Q: 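Have a look at the structure that comes next, please.
Positions are given from 1, in the same order as the sequence printed here.
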Amino acid sequence: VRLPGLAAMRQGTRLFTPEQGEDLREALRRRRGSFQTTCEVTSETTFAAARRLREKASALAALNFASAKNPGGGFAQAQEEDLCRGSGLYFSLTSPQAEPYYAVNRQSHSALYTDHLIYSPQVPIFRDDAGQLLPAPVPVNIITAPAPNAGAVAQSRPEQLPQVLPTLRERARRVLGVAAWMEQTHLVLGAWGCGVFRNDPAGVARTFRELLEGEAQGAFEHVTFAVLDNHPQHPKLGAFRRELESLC
Ligand SMILES: Nc1ncnc2c1ncn2[C@@H]1O[C@H](COP(=O)(O)OP(=O)(O)OC[C@H]2O[C@H](O)[C@H](O)[C@@H]2O)[C@@H](O)[C@H]1O
């Protein structure tokens with residue numbers, strides 16, 4: 001039998017296309033200055049920050065460090081694999097509405113990908129970081145979008161290297177523009193693009209920091225950066241703490 005919440009979530013899944021970029025900015029701009037934005041940088045998983053924020057959260061959204069080409073990225077280290085194995089996310093990512101995002105991204109034949117985002121409403125989290133049931137599932141809205149594959153660019157088309165950073169910059173602003181458009185209060189962000197895709201965690205953490213200080217200033221209530229980091233140097237975790245000190 002199908003798990004509770006899946007049908008509602010899949011049917012509410014919705015595609016944002018590149019041609020709606022200006023719609024997303026106007027939503028951000030209109031929402032600027034609405035709160036005293038509280039923000040933190042943590043070492044929790046993306047669904048652990050979500051799950052503790054839930055009971056406090058008017059409108060809770062989290063970012064999927066998604067594949068551009070296959071829902072769930074075809075599958076252990078990776079965060080989207082984590083979200084798919086412990087929630088209904090996959091059932092939403094394979095939905096009919098969502099298909100143009102993978103179809104176009106594959107057709108682009110560019111490691112920078114395109115500007116489609118998938119909005120999955122009320123995705124039920126079913127299991128903890130350790131994989132047993134939750135009391136009851138806890139729903140979270142999930143914004144899925146692919147960071148540019150900086151690794152692939154370096155190895156397959158270095159000529160797009162200078163475009164890497166502007167691409168992640170404008171796509172992040174679409175990411176929070178979707179969160180503003182869907183009127184979220186609590187945003188779970190993190191080391192977007194910084195693992196498999198090999199983006200500089202310094203640039204990523206900062207690019208956020210700029211937007212939460214510029215166009216996204218005050219647009220959200222609480223923004224936590226859940227950055228899992230089991231590497232002893234804690235490189236990703238450190239660059240996010242080091243560079244989000246102004247805002248938190
Ligand atoms: N559950 C987690 N929660 C929070 N942070 C995490 C988690 N898991 C890893 N991190 C941290 O986040 C950093 C980046 O996690 P990555 O998963 O590589 O996302 P990308 O954007 O770089 O690559 C996306 C591709 O990887 C997948 O295959 C997708 O299908 C895509 O194909 C990690 O180094 C962790 O420190």
Q: Determine whether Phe197 and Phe65 make a side-chain contact, defined as any pair of heavy atoms from C-beta on separated by less than 4.5 Å.
A: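 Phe197 does not reach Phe65 side chain to side chain.
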Q: Is the closest side-chain heavy-atom distance between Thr144 and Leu93 below 4.5 Å?
A: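 Yes, side chains in contact.
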Q: With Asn105 as reference, evaluate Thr114, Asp115, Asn70 under the side-chain hydrogen bond (donor to acceptor under 3.5 Å, both in side chains) test and give the passing residue.
A: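 Checked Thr114, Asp115, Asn70 against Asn105; only one passes side-chain hydrogen bond (donor to acceptor under 3.5 Å, both in side chains): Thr114.
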Q: Hey, does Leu6 have a side-chain heavy atom less than 4.5 Å from the side chain of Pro124?
A: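 In short, these two side chains touch, coming nearer than 4.5 Å.
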Q: Closest heavy-atom contact between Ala48 and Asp129?
A: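 For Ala48 and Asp129, the tightest heavy-atom pair comes out as CB-OD2, 3.7 Å.
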Q: Any idea which heavy atoms bring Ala49 and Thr224 closest together, and the distance?
A: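 So the minimum-distance heavy-atom pair works out to CB-OG1, 3.7 Å.
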Q: After noting the C-alpha distance and the side-chain angles of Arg173 and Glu215, does the key distance pass the salt bridge (charged side-chain N to carboxylate O under 4.0 Å, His left out) rule?
A: CA-CA 8 Å; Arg173 94 189 275 122; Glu215 284 108 333; 2.4 Å; yes
Q: Are any of the side-chain heavy atoms of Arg171 and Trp192 separated by less than 4.5 Å?
A: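 Sidechains of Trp192 and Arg171: in contact.
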Q: Among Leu133, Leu3, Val138, exactly one meets side-chain contact (heavy atoms from CB on, under 4.5 Å) together with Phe126. Which residue is that?
A: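 Going through the options one by one, the only one that passes is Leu3.
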Q: Quick one: are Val175 and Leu63 in side-chain contact, heavy atoms under 4.5 Å?
A: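 Answer yes - side chains close enough.
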Q: On the 0 to 90° scale, with breaks at 30° and 60°, tag the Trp181-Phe16 ring pair as parallel, tilted or perpendicular.
A: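 Taking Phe16 first and then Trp181, their aromatic rings stand perpendicular (interplane angle over 60°).
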Q: Compare all side-chain heavy atoms of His186 with those of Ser58 and state whether any distance is below 4.5 angstrom.
A: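 Of all side-chain heavy-atom pairs linking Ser58 with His186, none is under 4.5 Å.
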Q: Just by distance, no angles: are the side chains of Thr37 and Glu221 close enough, under 3.5 Å, to form a donor-acceptor pair?
A: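 Result is no, nothing qualifies.
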Q: Please check if any side-chain donor atom of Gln97 sits under 3.5 Å from a side-chain acceptor atom of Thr13, or the reverse.
A: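 Checked: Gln97/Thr13 side chains show no N/O donor-acceptor pair below 3.5 Å.
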Q: Please give me the minimum heavy-atom distance between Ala239 and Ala205, naming the atom from each residue.
A: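 The answer is O-CB, 3.8 Å.
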Q: Looking at CZ of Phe240 and CZ of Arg206, how far apart are the two atoms once the value is rounded to the nearest 0.5 Å?
A: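 The CZ atom of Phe240 sits 11.5 Å away from the CZ atom of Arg206.
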Q: Hey, does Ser92 have a side-chain heavy atom less than 4.5 Å from the side chain of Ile142?
A: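 Side-chain contact under 4.5 Å: no.
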Q: Just so I know, are the side chains of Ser43 and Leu228 near enough to count as touching, which here means a heavy-atom distance under 4.5 Å?
A: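 Side-chain contact under 4.5 Å: no.
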Q: Kindly determine whether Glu19 and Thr17 satisfy side chain to side chain donor-acceptor pair (under 3.5 Å), including the steps that lead there.
A: CA-CA 5 Å; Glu19 302 70 28; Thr17 72; 2.9 Å; yes
Q: One pair to check against salt bridge (charged side-chain N to carboxylate O under 4.0 Å, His left out): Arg85 and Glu81. What are the steps and the verdict?
A: CA-CA 6 Å; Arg85 92 207 300 305; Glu81 283 66 354; over 6 Å; no
Q: So which heavy atom on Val153 is nearest to which on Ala111, and how close?
A: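 Reported closest heavy-atom pair: CG2-CB, 3.5 Å.
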Q: Measuring from atom CD of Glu99 to atom OH of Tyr101, what distance do you get when rounded to the nearest 0.5 angstrom?
A: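 The CD atom of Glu99 sits 13.5 Å away from the OH atom of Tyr101.
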Q: Between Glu245 and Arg241 (salt bridge meaning N to carboxylate O under 4.0 Å), is one present in this structure?
A: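 No, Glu245 and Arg241 are not salt-bridged.
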Q: Around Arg54, counting heavy atoms of other residues, nucleotides and ligands shown, do more than 12 lie under 6.0 Å from its CZ?
A: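 Atom CZ in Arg54 is crowded, with more than 12 foreign heavy atoms closer than 6.0 Å.
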Q: Hey, could you give me the CZ/CG distance between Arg51 and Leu60, rounded to the nearest 0.5 Å?
A: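 The CG atom of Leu60 is 12.0 Å from CZ of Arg51, to the nearest 0.5 Å.
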Q: Cation-pi check, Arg10 to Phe91: give yes when NZ or CZ is under 6.0 Å from the six-membered ring centre and within 45° of the ring axis, no otherwise.
A: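 Verdict for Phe91: a cation-pi partner in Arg10.
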